[PDB]
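Below is the sequence, then the experimental coordinates.
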Number of protein chains: 2
Amino acid sequence: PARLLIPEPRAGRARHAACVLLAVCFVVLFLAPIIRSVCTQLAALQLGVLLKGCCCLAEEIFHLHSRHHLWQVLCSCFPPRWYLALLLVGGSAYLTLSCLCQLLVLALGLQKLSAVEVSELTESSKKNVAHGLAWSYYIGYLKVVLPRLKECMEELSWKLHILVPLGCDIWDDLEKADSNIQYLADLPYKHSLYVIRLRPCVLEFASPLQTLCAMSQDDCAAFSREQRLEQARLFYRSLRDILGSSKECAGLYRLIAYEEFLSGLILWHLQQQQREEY
Amino acid sequence: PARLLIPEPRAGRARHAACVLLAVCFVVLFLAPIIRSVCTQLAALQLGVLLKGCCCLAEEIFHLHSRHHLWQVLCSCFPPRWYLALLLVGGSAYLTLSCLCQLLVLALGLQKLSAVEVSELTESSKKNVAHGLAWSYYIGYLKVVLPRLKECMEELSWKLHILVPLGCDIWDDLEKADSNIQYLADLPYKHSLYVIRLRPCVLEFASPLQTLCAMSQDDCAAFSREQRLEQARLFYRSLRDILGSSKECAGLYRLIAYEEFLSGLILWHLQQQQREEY
């Protein structure tokens, strides 16, 4: 037949190989004050973690109220091995040239990550659902529906509106959630023309958030609600970045993102589109 | 209304902040042989890249014929700044304790990546389409179709077969690509009972590979065919890992993966399932 050739997960034998190499070099060099030199060199390498944490703090200043709400900044900047660095610094002291060396290392950009590390981080994390969901929602639905919609609009004689809720409940129907929404008609693939008490609109939810609604409440695999929020924000970011560079879909859509009535937001978007027409 | 609070891409100001800190410490310490000490310390830090490359080679031994086909191993193990390390080693020499120190660093596992670096690698790469595609194909299609299929099979009086082609062409119809396939009937969401010259089967393609067929030939955004192959392999891996832990779908399916007649593979899978029934 044809035998399948798929890659497998990493067994993790580089760590044991480094351990064996360490034991061999340790026995060869073994065959009393040198451990002081070893520990001082070790603190000299570990001080770069502290300088990297300072630089990470300097970048993560701007996103306190938007991404970290103060403890979440300091918890996320340096790695959680916090008790190692200052302890080894105190063991070495009781130099500044080493700090200058670490700055020269980190500023130039010679710590390129290798291909195996990048591939390991790709195959490791399963929490990258947003990019695949955005590309599936763009290709499978939007690129076919969107060019025909202006033709359907001329046959009925605006642009499509996509709801992006960053919450959880999607099954709230638009006539059921919002009171002022009244259904009008279809366009021959559901397309529900609505009127809000008093403007007409073409409104639809974004489907794959229900996917994110199903990865949480079913709980056959592990997932959390803060992860749902982060993935929904990343999905909106990816769909915005794709459709901003959309070739044929330049003026057929307008994304509407919100969190938690509801119809006044739609009125503000319609008023902003009307003013943008002027 | 409600102002949106979405994160933005990183401006990249930590590098300039490290540069300013370097210039300040450089001016303060400035106010002739010390640069030899600096360069020797720099080679002492850069030797860990060489040891890390040796460990990466030791792990990437096992995947030559399966992932790298010999130059692709050595190109992928160490970072592409190869001319830096040996040159600085030669500039420092013309010690082994530093090698022992680097081994003690890399074996214990104190180089934890921070949260900001992990988030930067998540938001950076757009080539993680496989996990989102697999979860969309599992939730949106399989979890609803698969429990009703045995009821439809009893109403017609086996299990569903999913084709996973790792090639490119999906539009080859099963009566058109394979000659021995004959259509029989449906099951009231297309479900085409087939007979291969001479066994019956329930066969269907996997849909979202056409998504990967559309991200390549349209070419509105950049994508390559080797990336199509790697993403298809990752998609098959993710779908296999999900459906192996599928709760209700434990005996309703069998994935079939291949590359490039075609019907003999289906005969071998049916014969293996028949022998597994015995």
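Structure's in. What do you need? Numbers count the residues shown, from 1 in each chain, chains lettered A, B, ... in the order given.

how near is the residue lying farthest from the centre of chain A to residue B:135?
Distance from the C-alpha centroid of chain A peaks at residue A:31, with 52.4 Å (C-alpha atoms, centre = their mean). Remark: distance between residue A:31 and residue B:135 (C-beta to C-beta, to the nearest Å) = 56 Å. Backbone N, C-alpha and C define where each C-beta goes, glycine included.

cool, residue A:234 as well?
Distance of residue A:234 to residue B:135, given as C-beta to C-beta: 14 Å.

Between the two, point out the one with more neighbours.
residue B:135 (24 against 21; other C-beta atoms under 10 Å in any protein chain shown).

Report the buried residues of the host helix or strand of residue A:123.
Assessed by DSSP states H and E, residue A:123 sits inside helix A:115-124. Within helix A:115-124, the residues that qualify as buried are A:115, A:116, A:117, A:119, A:120, A:121, A:122, A:123, counting by 16 or more other C-beta atoms under 10 Å in any protein chain shown.

near chain B, which residues of the stretch 151-278 of chain A show up?
A:208, A:211, A:214-215, A:220-221, A:233-234, A:236-238, A:242, A:245-247, A:257-259, A:264-265, A:268 (C-beta under 8 Å from any C-beta of the partner chain).

ok, the closest residue to residue A:175 other than its chain neighbours to residue A:117 distance?
Counting by C-beta to C-beta, 6 or more residues apart in numbering or on different chains, residue A:175 lies nearest to residue A:181, which is 5.3 Å off, once chain neighbours are set aside. The gap separating residue A:181 from residue A:117 is 51 Å, by C-beta to C-beta.

what's near enough to touch the residue of chain A found nearest chain B?
Residue nearest to chain B within chain A: residue A:132 (1.8 Å; C-beta to the nearest C-beta). Residues near residue A:132 by C-beta atoms under 8 Å, 6 or more residues apart in numbering or on different chains: B:128, B:129, B:130, B:131, B:132, B:133, B:134, B:135, B:136.

how about a cut-off of 7 Å?
Each residue near residue A:132 by C-beta atoms under 7 Å, 6 or more residues apart in numbering or on different chains is listed here: B:128, B:129, B:130, B:131, B:132, B:133, B:136.

The first one contacts residue A:121, correct?
No: Residue B:128 is beyond contact range of residue A:121, at 10.0 Å (criterion: C-beta atoms under 7 Å).

element containing residue A:21?
Element membership for residue A:21 (DSSP H and E) is helix A:14-30.

how far out from the middle of the chain is that helix?
Centre-to-centre, helix A:14-30 and its host chain are 40 Å apart (C-alpha atoms, centre = their mean, to the nearest Å).

Same check on stretch A:193-208?
28 Å.

tell me the SS of the residue most central in space within chain A?
In chain A, the C-alpha closest to the average C-alpha coordinate belongs to residue A:234, at a distance of 4.3 Å (C-alpha atoms, centre = their mean). Assigned with DSSP: H, G, I helix; E, B strand; the rest coil, residue A:234 falls in the helix class.

Next, give phi and psi for the closest residue to it other than its chain neighbours.
In space, and not counting its chain neighbours, residue A:234 is closest to residue A:130: 3.8 Å by C-beta to C-beta, 6+ apart. Dihedral angles phi and psi of residue A:130 (degrees, to the nearest 10) take the values phi -70, psi -40.

And residue A:130, how close does it get to residue B:8?
Distance, residue A:130 to residue B:8, by C-beta to C-beta: 16 Å.

and the two? which has more neighbours close in?
Between residue A:130 and residue B:8, residue A:130 has the larger neighbour count (other C-beta under 10 Å), namely 25 against 10.

what ranges do the strands span in the stretch 151-278 of chain A?
In the stretch 151-278 of chain A, the strands defined using DSSP state E, counting those that start in this stretch lie at A:160-165, A:181-183, A:192-196, A:199-205, A:253-258.

Please state the offset of the lengthiest helix in chain A from the chain centre?
Counting residues, the longest helix found in chain A (DSSP state H) is helix A:34-59. Put simply, helix A:34-59 sits 30 Å off its chain's centre (C-alpha atoms, centre = their mean).

Buried ones in that helix, by neighbour count?
Within helix A:34-59, the residues that qualify as buried are A:41-49, A:51-53, A:55-59, counting by 16+ other C-beta under 10 Å.

now swap in stretch A:6-20 and tell me
Neighbour-count burial for stretch A:6-20 flags A:10, A:14, A:17, A:18 (criterion: 16+ other C-beta under 10 Å).

can you put these in JSON lines and add distance to residue A:175?
Shown next, in JSON lines, are those (distance: C-beta to C-beta, whole Å):
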{"residue": "A:10", "distance to residue A:175": "52"}
{"residue": "A:14", "distance to residue A:175": "59"}
{"residue": "A:17", "distance to residue A:175": "64"}
{"residue": "A:18", "distance to residue A:175": "64"}
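
near chain B too, which of the residues you listed?
A:10, A:14, A:17, A:18 (C-beta under 7 Å from any C-beta of the partner chain).
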